[PDB]
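Participant: pasting the first bit of my complex, frame unchanged:
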Amino acid sequence: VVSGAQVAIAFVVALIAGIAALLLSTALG
Amino acid sequence: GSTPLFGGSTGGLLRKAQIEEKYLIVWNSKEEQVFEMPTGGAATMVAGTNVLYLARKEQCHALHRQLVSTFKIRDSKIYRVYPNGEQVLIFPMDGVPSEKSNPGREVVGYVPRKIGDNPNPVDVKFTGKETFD
């Protein structure tokens, strides 16, 4: 199963992709 | 001069005429007579100097076209009125009508070629320069 720890891990990985997307989108503008 | 006799309408000036620009058209009339407002409806011009405030230059030039075609009134003048109160004459610019050729005007917009000799858009790529130069 996807335990609650693994949901939390996935949001941390998603947060890092979010700041990476934030870096790219401001460098693009 | 005075305003033409008109009971008012909903097709006239808006807040643009208070804040940006409105237009003034001045003409002389020899006979009191009825004309169609460009705003919509009928008004009567006085026997004298007529002044009328309109929203656009095209509405002023449409009335001037009506004053020429229907009433043979020629001497219409159009002013651009700024919200501080400044009037700037915009029509006619040099006193001579636009259709008659006049020595003293500068040629504006002249391209010294026929239209099919304009350059290609690939020639003017990555510049603000246009092919009608």
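Facilitator: Yep, it's here. Numbering: from 1, shown residues only, chains lettered A, B, ... in the order given.
Participant: so is residue 23 in a helix, a strand, or just coil?
Facilitator: I went with chain A, as the question did not name one. Secondary structure, DSSP: H, G, I helix; E, B strand; the rest coil: residue A:23 is helix.
Participant: wrong one, I was asking about chain B
Facilitator: Reduced to three states with three-state DSSP, the structure at residue B:23 is strand.
Participant: Am I right that residue A:27 is in a strand?
Facilitator: No. Counting by three-state DSSP, residue A:27 falls outside a strand, being helix.
Participant: give me the element the most centrally placed residue in chain A is part of.
Facilitator: Compute the mean C-alpha point of chain A, and by Cα atoms, centre = their mean the closest residue is residue A:14, 1.9 Å away. Residue A:14 belongs to helix A:4-28 when assigned by DSSP states H and E.
Participant: Check residue B:51 too.
Facilitator: Per DSSP H and E: residue B:51 is located in strand B:49-54.
Participant: What is the subsequent helix or strand relative to that strand?
Facilitator: Once the chain leaves strand B:49-54, the next helix or strand it forms, by DSSP H and E, is helix B:57-69.
Participant: Can you show me the CA trace of that next one as PDB?
Facilitator: Extracted C-alpha coordinates of helix B:57-69, given in PDB (Å, rounded to 0.1, in the frame of the first residue of the first chain):
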ATOM      1  CA  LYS B  57     -13.900  63.100 -34.600                       C
ATOM      2  CA  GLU B  58     -15.900  60.700 -36.900                       C
ATOM      3  CA  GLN B  59     -19.200  62.000 -35.400                       C
ATOM      4  CA  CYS B  60     -18.000  65.600 -36.100                       C
ATOM      5  CA  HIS B  61     -16.900  64.700 -39.700                       C
ATOM      6  CA  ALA B  62     -20.200  62.900 -40.200                       C
ATOM      7  CA  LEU B  63     -22.200  66.000 -39.300                       C
ATOM      8  CA  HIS B  64     -19.900  68.100 -41.600                       C
ATOM      9  CA  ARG B  65     -20.700  65.600 -44.400                       C
ATOM     10  CA  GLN B  66     -24.400  66.100 -43.600                       C
ATOM     11  CA  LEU B  67     -24.000  69.900 -43.500                       C
ATOM     12  CA  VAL B  68     -22.300  69.900 -46.900                       C
ATOM     13  CA  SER B  69     -24.500  67.400 -48.700                       C
END
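Participant: Here is chain C, add it in:
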Amino acid sequence: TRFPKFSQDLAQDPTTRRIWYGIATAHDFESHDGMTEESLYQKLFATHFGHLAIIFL
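Facilitator: With chain C now in place:
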């Protein structure tokens, strides 16, 4: 009205056409103000990285 920053023609439009056309021309990088050929290819290469990342997300 500074949006859209890539087009001063659109940015000085006082109507709602400024908003629609800024959206519609935003990815037409060749027609933007001040675009050069080199800066176009550099912007595309990075934009393509962003599209790839969306596919993986």
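Participant: related to what we said a few turns ago, which of the residues in the helix holding residue A:14 are classified as buried?
Facilitator: For helix A:4-28, burial by neighbour count (16 or more other Cβ atoms under 10 Å in any protein chain shown) applies to no residue. Yep, even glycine has a C-beta here, placed from its N, CA and C like the rest.
Participant: right, is it up against chain C?
Facilitator: Yes. Counting by Cβ under 8 Å from any Cβ of the partner chain, contacts between helix A:4-28 and chain C involve A:17, A:20, A:21, A:24, A:25, A:27, A:28.
Participant: quick one: that helix to chain centroid distance?
Facilitator: 2 Å (Cα atoms, centre = their mean, to the nearest Å).
Participant: helices and strands around that helix, which ones?
Facilitator: helix C:37-56 (3 or more Cβ pairs under 8 Å, 6 or more residues apart in numbering or on different chains; DSSP states H and E).
Participant: Can you tell me which helices and strands the helix it packs on packs against?
Facilitator: helix A:4-28.
Participant: angle of the helix it packs on against helix C:37-56?
Facilitator: Inter-element angle recorded for helix A:4-28 and helix C:37-56: 170 degrees (by axes from the mean of the first three to the mean of the last three Cα atoms, to 10 degrees).
Participant: ok, and what's touching helix A:4-28?
Facilitator: Applying Cβ atoms under 8 Å, 6 or more residues apart in numbering or on different chains, the contact partners of helix A:4-28 are C:43, C:46, C:47, C:49, C:50, C:53, C:57.
Participant: and chain D, same structure:
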Amino acid sequence: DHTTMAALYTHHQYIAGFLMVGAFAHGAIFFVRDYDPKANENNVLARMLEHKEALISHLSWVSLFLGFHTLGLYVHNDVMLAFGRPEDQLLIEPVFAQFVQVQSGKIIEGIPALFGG
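Facilitator: Let me add chain D to what's already shown:
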């Protein structure tokens, strides 16, 4: 999973349709924005533009040729069904495509394997 097979076929054919239209769109954008007639003087690209009335008029012909007769055959068969004559339909056997299947080893009775199967 029949719903998945239907969804996947339909998804990818509609995607293919948009990609085909966009290919011609950027081909049109190329001609207005990037096409230089001097650097492409008399090559195969400039020669397409040179006989473009022949291309468009023959494409116009094929589409009218297909459209008149295909619609005409469907309408003929619809009128036949309405009048109770379904044996008077125009039912054309697709023998050229059945020929293709037979070359790949489909066994269809009246259609020959040309090279031997």
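Participant: Could you re-examine what packs on helix C:37-56 with chain D now present?
Facilitator: Short answer (3+ Cβ pairs under 8 Å, 6+ apart): helix C:37-56 packs on helix A:4-28.
Participant: Give me the neighbour count for the residue of chain B found nearest chain A.
Facilitator: Residue of chain B nearest chain A, by Cβ to the nearest Cβ: residue B:126 (19.5 Å). Other residues lying near residue B:126 total 13 when counted by other Cβ atoms under 10 Å in any protein chain shown.
Participant: From chain C, how far out is it?
Facilitator: Going from residue B:126 to chain C by Cβ to the nearest Cβ, to the nearest Å gives 6 Å.
Participant: With residue B:9 instead?
Facilitator: Taking Cβ to the nearest Cβ, one finds residue B:9 at 25 Å from chain C.
Participant: same check, this time on residue B:88
Facilitator: From residue B:88 to chain C the distance is 20 Å (Cβ to the nearest Cβ).
Participant: Over to the residue located most distally from the centre of chain D: give its phi and psi.
Facilitator: Residue farthest from the centre of chain D, counting by Cα atoms, centre = their mean, is residue D:38 at 34.8 Å. The phi/psi pair for residue D:38 (degrees, to the nearest 10) reads phi -70, psi -50.
Participant: tell me which parts of chain D are close to chain B?
Facilitator: Applying Cβ under 8 Å from any Cβ, we find that chain D lies next to chain B at D:32, D:33, D:34, D:35, D:36, D:37.
Participant: from those, which would you call buried?
Facilitator: residue D:35.
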